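The chain below stands alone and is given as structure tokens, in the form deposited in one PDB entry.
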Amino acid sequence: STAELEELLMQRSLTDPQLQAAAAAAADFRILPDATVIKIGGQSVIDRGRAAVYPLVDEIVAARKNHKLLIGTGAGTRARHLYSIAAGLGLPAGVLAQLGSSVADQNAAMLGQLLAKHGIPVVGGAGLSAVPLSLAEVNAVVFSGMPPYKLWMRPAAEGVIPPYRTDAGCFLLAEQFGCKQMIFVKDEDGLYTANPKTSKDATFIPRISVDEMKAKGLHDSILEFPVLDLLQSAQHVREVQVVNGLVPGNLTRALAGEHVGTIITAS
């Protein structure tokens, strides 16, 4: 029972396999079980301006009537410019991570200003933004999608580009708060066997598991590759959906349970 776990927590190191096994038996509380986390792509959507953002703002305003939403923003082209300047100077991943956060904050600010008249705030601490998420008149919050790691960012095996960016930031929030759904809003219909902007005979994949994606060695940069490993270790969010936000009503359809785009499963 809890008596064995408390004894192990006091006397053993946290690296002890016996303690780790006992902690895994603990109850599982979902903080925000009825919320859906959505990531609005930085390069894929916000950077495209009015033609992409304005229709999505209308879908969000309509969707929040029936769905509790946590809307995270991507970073995009200004972050890529910062990363190339800083990488050329030999600055470490930890410095680049801080620069990237500023770009996701700018994107959340622009989106928040278009949503302010509808009562949707830009927040810090989305998962615990209990008041806006409990009101039918609000039911949504906007947040910056970059993780808070800053200088403590785990670097990649090679290079200085932070490997955990806005896809990981939004996913981990869905995971930590025990949300019911995670939707990535990008500019491609979903996953293809080859790059849709490069190859000619790339076939569409409606559903795939992380294992199958790894086994088939997919050349699809639609999702940050470290997000796939996080998905396999996840306790709450065991599948994600990638949709094309440039198609009118696609986010509305995904929230309604339609199988638009690609579904990526943990197993």
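Quick note: we count residues from 1 along the sequence shown, nothing fancier. Shifts are known only where both forms have a C-alpha. Between two forms, the rigid core is the largest collection of C-alphas that superpose within 1.5 Å.
Below: the form deposited in another entry, not depicted.
**Student:** After superposing the two forms on their rigid core, pick out the one entry in 139, 181, 129, 101 with a CA shift of 2 Å or more between the shown form and the other one.
**Tutor:** After core superposition, the one over threshold is 129.
**Student:** Once you line up the core, how about residue 221: does its CA shift reach 2 Å between the shown form and the other one?
**Tutor:** True for residue 221: a C-alpha shift of 2 Å or more.
**Student:** Would you mind telling me if residue 220 and residue 225 are closer or farther apart in the other form than in the shown form, C-alpha to C-alpha, with a 3 Å or larger change?
**Tutor:** It is closer: in the other form, the C-alpha atoms of residue 220 and residue 225 lie at least 3 Å nearer than they do here.
**Student:** Relative to what is shown, are the Cα atoms of residue 126 and residue 261 closer or farther apart in the other form, where the gap shifts by 3 Å or more?
**Tutor:** Here the pair is closer than in the other form; there, farther apart.
**Student:** Report the shifted segments between the shown form and the other one, defined as three or more consecutive common residues with all CA displacements of at least 2 angstroms relative to the rigid core fit.
**Tutor:** Runs 125-137, 219-221 stand out as displaced between the shown form and the other one - each at least 3 residues long.
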